[PDB]
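Undergrad: Next comes start_14.tsv, TSV, C-alpha atoms:
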```tsv
chain	number	residue	atom	x	y	z
A	1	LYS	CA	46.13	129.28	92.74
A	2	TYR	CA	46.78	133.05	92.60
A	3	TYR	CA	43.36	134.75	92.11
A	4	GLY	CA	44.44	138.45	92.43
A	5	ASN	CA	44.76	141.35	94.95
A	6	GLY	CA	46.37	139.35	97.85
A	7	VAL	CA	44.79	135.85	97.34
A	8	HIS	CA	47.28	132.94	96.74
A	9	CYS	CA	45.16	129.84	97.68
A	10	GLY	CA	46.66	126.35	98.41
A	11	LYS	CA	44.02	124.42	100.49
A	12	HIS	CA	43.07	126.58	103.58
A	13	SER	CA	45.44	129.44	102.76
A	14	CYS	CA	43.74	132.01	100.36
A	15	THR	CA	46.22	134.61	101.49
A	16	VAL	CA	44.82	138.28	101.56
A	17	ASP	CA	47.65	139.01	104.08
A	18	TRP	CA	46.34	136.59	106.84
A	19	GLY	CA	45.78	133.12	105.18
A	20	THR	CA	48.33	131.72	107.70
A	21	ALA	CA	45.85	132.77	110.47
A	22	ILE	CA	42.74	131.07	108.95
A	23	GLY	CA	45.00	128.13	107.92
A	24	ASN	CA	46.29	127.68	111.53
A	25	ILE	CA	42.74	128.04	113.05
A	26	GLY	CA	41.53	125.40	110.51
A	27	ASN	CA	44.39	122.96	111.37
A	28	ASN	CA	43.78	123.48	115.16
A	29	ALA	CA	40.18	122.28	114.60
A	30	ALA	CA	41.87	119.39	112.65
A	31	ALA	CA	44.04	118.80	115.85
A	32	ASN	CA	41.13	118.33	117.93
A	33	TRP	CA	41.02	115.70	115.03
A	34	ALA	CA	37.85	115.02	116.84
A	35	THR	CA	37.36	118.27	114.76
A	36	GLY	CA	36.73	121.50	116.79
A	37	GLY	CA	34.59	119.25	119.11
A	38	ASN	CA	32.73	117.47	116.20
A	39	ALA	CA	33.11	114.04	117.91
A	40	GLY	CA	32.77	115.73	121.40
A	41	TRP	CA	36.66	115.59	121.78
A	42	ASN	CA	36.18	112.88	124.52
A	43	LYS	CA	39.18	112.58	126.95
```
What's the structure tokens form of this structure?

TA:
Amino acid sequence: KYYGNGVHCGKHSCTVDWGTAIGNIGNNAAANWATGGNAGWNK
């Protein structure tokens, strides 16, 4: 979904010029997978 200006959204990726940054940060929380420390990331 292209919204205008620089925004070309997929799922975490609403582009601007930096939607790869917020997308990567989002998936790094999702690779705690315990979720940014949501489950305490117990190891």

Undergrad: Considering only C-alpha atoms, return as an MDAnalysis selection string whatever protein or nucleic-acid residues lie within 10 Å of residue 36 in chain A, sequence-local ones (same chain, fewer than 5 positions apart) excluded.

TA: chainID A and resid 25:31 41

Undergrad: Using all atoms listed in the file, which of A:7, A:37, A:1, A:43 sits nearest residue 20 in chain A?

TA: A:7

Undergrad: Return as AutoDock Vina command-line options the box centre and box size in Å, one decimal, for an axis-aligned box around all listed atoms of range 3-20 of chain A padded by 3 Å per side.

TA:
```
--center_x 45.7 --center_y 132.9 --center_z 99.9 --size_x 11.3 --size_y 22.9 --size_z 21.6
```

Undergrad: Calculated over only C-alpha atoms, which of the candidates A:24, A:15, A:35, A:42 has the smallest distance to residue 3 in chain A?

TA: A:15

Undergrad: What does the distance between CA of residue 4 in chain A and CA of residue 19 in chain A come to in Å, to one decimal place?

TA: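 So the two atoms, CA of residue 4 in chain A and CA of residue 19 in chain A, lie 13.9 Å apart.
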
Undergrad: Which is closest to residue 2 in chain A among A:14, A:34, A:39, A:21, if we use all atoms listed in the file?

TA: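 Of A:14, A:34, A:39, A:21, the one nearest residue 2 in chain A is A:14, counting all atoms listed in the file.
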
Undergrad: Could you rebuild range 6-26 of chain A with N, CA, C and O atoms and give it back as a CSV table (one decimal), in the frame of the given file?

TA:
```csv
chain,number,residue,atom,x,y,z
A,6,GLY,N,45.5,140.0,96.9
A,6,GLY,CA,46.4,139.4,97.8
A,6,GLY,C,46.1,137.8,98.0
A,6,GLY,O,46.8,137.2,98.8
A,7,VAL,N,45.2,137.2,97.2
A,7,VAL,CA,44.8,135.8,97.3
A,7,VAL,C,45.7,134.9,96.6
A,7,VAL,O,45.7,134.9,95.3
A,8,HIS,N,46.4,134.0,97.3
A,8,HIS,CA,47.3,132.9,96.7
A,8,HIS,C,46.9,131.6,97.4
A,8,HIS,O,47.7,131.0,98.2
A,9,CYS,N,45.7,131.1,97.1
A,9,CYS,CA,45.2,129.8,97.7
A,9,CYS,C,46.0,128.6,97.4
A,9,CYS,O,46.5,128.3,96.3
A,10,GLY,N,46.1,127.7,98.5
A,10,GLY,CA,46.7,126.4,98.4
A,10,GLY,C,45.6,125.3,98.7
A,10,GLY,O,45.2,124.5,97.9
A,11,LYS,N,45.1,125.3,100.0
A,11,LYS,CA,44.0,124.4,100.5
A,11,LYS,C,43.1,125.1,101.6
A,11,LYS,O,41.9,124.9,101.5
A,12,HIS,N,43.7,125.8,102.5
A,12,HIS,CA,43.1,126.6,103.6
A,12,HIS,C,43.7,128.0,103.8
A,12,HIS,O,43.6,128.6,104.9
A,13,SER,N,44.3,128.5,102.7
A,13,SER,CA,45.4,129.4,102.8
A,13,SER,C,45.3,130.6,101.8
A,13,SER,O,46.3,131.4,101.6
A,14,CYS,N,44.1,130.9,101.2
A,14,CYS,CA,43.7,132.0,100.4
A,14,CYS,C,44.2,133.4,101.0
A,14,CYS,O,43.5,133.9,101.9
A,15,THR,N,45.4,133.9,100.6
A,15,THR,CA,46.2,134.6,101.5
A,15,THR,C,45.7,135.9,102.0
A,15,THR,O,45.7,136.1,103.2
A,16,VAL,N,45.2,136.9,101.2
A,16,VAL,CA,44.8,138.3,101.6
A,16,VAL,C,46.0,139.1,102.1
A,16,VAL,O,46.6,140.0,101.4
A,17,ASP,N,46.5,138.7,103.3
A,17,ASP,CA,47.6,139.0,104.1
A,17,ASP,C,47.7,138.1,105.4
A,17,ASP,O,48.7,138.1,106.1
A,18,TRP,N,46.6,137.3,105.6
A,18,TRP,CA,46.3,136.6,106.8
A,18,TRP,C,45.9,135.1,106.7
A,18,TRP,O,45.4,134.5,107.6
A,19,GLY,N,46.2,134.5,105.5
A,19,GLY,CA,45.8,133.1,105.2
A,19,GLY,C,46.5,132.1,106.0
A,19,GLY,O,46.1,131.0,106.2
A,20,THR,N,47.7,132.5,106.6
A,20,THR,CA,48.3,131.7,107.7
A,20,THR,C,47.5,131.7,109.0
A,20,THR,O,47.5,130.6,109.7
A,21,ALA,N,46.8,132.7,109.3
A,21,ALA,CA,45.8,132.8,110.5
A,21,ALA,C,44.7,131.8,110.3
A,21,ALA,O,44.5,130.9,111.0
A,22,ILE,N,43.9,132.0,109.2
A,22,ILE,CA,42.7,131.1,109.0
A,22,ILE,C,43.2,129.6,108.7
A,22,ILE,O,42.6,128.7,109.2
A,23,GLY,N,44.4,129.4,108.1
A,23,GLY,CA,45.0,128.1,107.9
A,23,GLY,C,45.3,127.4,109.2
A,23,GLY,O,45.0,126.3,109.4
A,24,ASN,N,45.9,128.2,110.2
A,24,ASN,CA,46.3,127.7,111.5
A,24,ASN,C,45.0,127.3,112.4
A,24,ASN,O,45.0,126.3,113.0
A,25,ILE,N,44.0,128.2,112.4
A,25,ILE,CA,42.7,128.0,113.0
A,25,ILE,C,42.1,126.8,112.5
A,25,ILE,O,41.7,125.9,113.3
A,26,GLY,N,42.0,126.6,111.2
A,26,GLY,CA,41.5,125.4,110.5
A,26,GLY,C,42.3,124.1,110.9
A,26,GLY,O,41.6,123.1,111.2
```
